[PDB]
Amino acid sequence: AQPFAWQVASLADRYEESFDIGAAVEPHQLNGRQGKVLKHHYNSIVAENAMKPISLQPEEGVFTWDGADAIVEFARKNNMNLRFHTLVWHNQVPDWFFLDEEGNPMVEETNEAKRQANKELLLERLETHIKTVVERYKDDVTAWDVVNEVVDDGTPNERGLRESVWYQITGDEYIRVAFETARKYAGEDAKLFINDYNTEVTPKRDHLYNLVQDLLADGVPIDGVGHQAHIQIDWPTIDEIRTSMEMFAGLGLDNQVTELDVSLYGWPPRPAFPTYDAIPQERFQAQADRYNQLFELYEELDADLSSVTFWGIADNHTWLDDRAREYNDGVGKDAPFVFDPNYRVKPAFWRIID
């Protein structure tokens, strides 16, 4: 039978000269078999949810550090590097941010003098969040997702920027302030990233490229691009992935794969197999081929790639299951990793360990 993850050679060791091997984690997963898999195979972690804005400051001046601290303590204890996800995002972000002093949404304000005041107030609240968070964790964090998903999937404006409440109120200044603030309190050696999904595909990739290129010209301290890599078996192509990483490397930036999962399905993910046992072996064999091709590319580009993080540990826990259920009437199971629900290795593991 396929051996347990702790009975085989380490991914971290295997890719030691190329890049860190990372996993997204939750506080309750830092023990038992998940703990055993992590220690054996990975030298980097990231919080799946515990370090998002709402997970850290649910109300103004009210900080909930426990989940994040637990993850940090596991990292210290096991010599793990640690990505911070994330300082700025349009989801999992508390409502109080975007309310004026009177308690009304800033987006409803029409008087321009007050719109300005709300803009400054929002940027000041953002600065305080980043200041407090960074000062607490700067000694442990080795990479910062400073902003997350600020580029749109389409072209609602000519710069391709996501028109979240952040944009509606501040334009792009929230992005500038995020990076400036991060740099100020984390120090010159901190690695600051802009993280996003579908970084391999146009036009989104070109809007990201342009944004980064424009901000760099104004001295905004961006060190790298986070490629979420929420990908599929045949999409995006290896060449699209290559081209994207080379473009950002050409601007003097680092690349990191931040949230890798290789879904068994398309987008949307229908049809989906209803259970894990119902997934045919041949799907896992196609996934393995894909994984071989992914990690040969990664290893080929290792001069411009410092870290590869999976968005989970093993197939028993993945946000791709939420997505599967969503598009298949509440029923569906994905299986994106190289370890199965019982922490036994999959074909994909053998194809990236060799």
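One-based numbering along the sequence shown.
Participant: Between 260-268 and 130-138, which has the larger average Cα B-factor in the PDB entry?
Facilitator: The recorded data point to 130-138.
Participant: If you average the CA temperature factors over each stretch, which comes out higher, 61-69 or 317-325?
Facilitator: Per the deposited B-factors, the answer is 61-69.
Participant: I'd like to know which of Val147, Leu82, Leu192, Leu123 has the highest C-alpha temperature factor in the PDB entry.
Facilitator: Highest CA B-factor of the listed options: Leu123.
Participant: Name the residue from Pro280, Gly224, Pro236, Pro156 with the greatest C-alpha temperature factor listed in the entry.
Facilitator: Going by the entry's C-alpha B-factors, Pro156 comes out highest.
Participant: Split the chain's modelled residues into thirds by Cα B-factor; is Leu253 in the lowest, middle or highest one?
Facilitator: Its C-alpha B-factor, which the entry lists for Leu253, ranks in the middle third among residues of this chain.
Participant: Relative to the other modelled residues of the same chain, rank the CA B-factor of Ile45 and answer lowest, middle or highest third.
Facilitator: As the PDB entry reports it, the C-alpha B-factor of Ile45 lands in the lowest third of its chain.
Participant: If you rank every modelled residue in this chain by C-alpha B factor, which third holds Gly32: lowest, middle or highest?
Facilitator: Ranked within chain, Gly32 CA B lands in the highest tercile.
Participant: What third of its chain's C-alpha B-factors does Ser244 belong to: lowest, middle or highest?
Facilitator: For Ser244, whose C-alpha B-factor we compare with every modelled residue in the chain, the answer is the middle third.
Participant: By its CA B factor, does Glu300 count among the lowest, middle or highest third of the modelled residues in the chain?
Facilitator: Highest third - that is where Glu300 ends up once the chain's C-alpha B-factors are sorted.
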